[PDB]
Structure formats: C-alpha cells, structure tokens
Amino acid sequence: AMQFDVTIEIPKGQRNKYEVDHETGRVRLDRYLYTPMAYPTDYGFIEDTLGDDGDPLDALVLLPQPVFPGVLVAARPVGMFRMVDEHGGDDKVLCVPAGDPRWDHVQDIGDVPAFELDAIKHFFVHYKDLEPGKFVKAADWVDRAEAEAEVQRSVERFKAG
C-alpha cells in the first residue's frame, strides 16, 4: 500500500494560515483569515513532491487530536479534493494515519461520510470570500486511484531536479 510523510503546516481548528519556506524549512505565518472560518482538518504538504502547479502537493490528514506546525505524520491516501483557484491547480490529497488499525475501515472516498466531505469542501469554497481577486472553482472529490496517480507523478516530477 502507498505511504508517505506529510509535514503538517496548519493544525485543525486554526484561523492562522501557516506556510513553510521550502528553501529554509522555517514555518511562516501567511495570514490571519479574513472570514470567520477554521481549518476543518490538519493541513500540510507531502515531503519530496512537486505538484501540478510547481509547488509541493498539499494534503489533508484526518487526526483524532491536532498536532503542531512542522510535525511529520506517516499517512496513506484515501481520496483527493480537486480544485482550481487563482494559483492554478491546487489539489489536496485526503489521508489517514498509516499503520494505525483504528483507521483500517477507511480505504476509499466512499468510506468517508458525506457531512465531513461537504464541510471540507465548504471551507475551501468560502474561506477567501472577503479577499479580493481570489476565487476557487471546479471543486470535486475523486477516489483513491486518482489520488495515488497524482502522488506518483508528483514524486517523478520532484526526482527530475
């Protein structure tokens, strides 16, 4: 089964948006969000990847308790959230903790409840509503096979360099 390390930038329930400077590895505060919304899951990027937009591939990790910015988590994909914004393509791979038997019944996107997927969709659709010249469109949930394919080629793109 596929497995990778996700560096968590943003803990769940945060209104601060943290980034990592990929040159130095330092955590940076991007901004305090302009809307009254909180990140629905722990958010980060997959280590040693180069995604479809020239930045590392983003990842959502379902955790029982949040972690701190900069922490590594061994994760496995169960699906992916596909979206296009002002950057360009900006897809997020949905993951669970790898090697944890408490998440063994979550194998594909159908195993995740609709209310949770709807909530995650709602965040990314609406969190930049009050920022001018920033939108999102083409929001769509896809299965694990599609998620594994995008991880695979993002590792290939990274190795070429």
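Only the largest set of C-alpha atoms that superpose within 1.5 Å between the two forms is called the rigid core. Note that residue numbering begins at 1 and tracks the sequence as displayed.
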item: Core-fitted comparison in 7 other deposited structures of this protein, 40 to 48 vs 130 to 138, farther C-alphas; value: 130 to 138
item: Greatest C-alpha divergence in 7 other deposited structures of this protein once each structure is fitted on the rigid core, 50 to 58 or 99 to 107; value: 50 to 58
item: 70 to 78 or 83 to 91, whichever carries the higher mean Cα B-factor; value: 83 to 91
item: Selected stretch [higher average CA B-factor]: 6 to 14 or 146 to 154; value: 146 to 154
item: Which of 133, 64, 113, 44 ranks first by CA B-factor in the deposited coordinates; value: 133
item: Of the residues 50, 59, 96, 38, the one carrying the largest Cα B-factor as recorded; value: 50
item: Third assignment of residue 118 from its chain's C-alpha B-factors; value: lowest
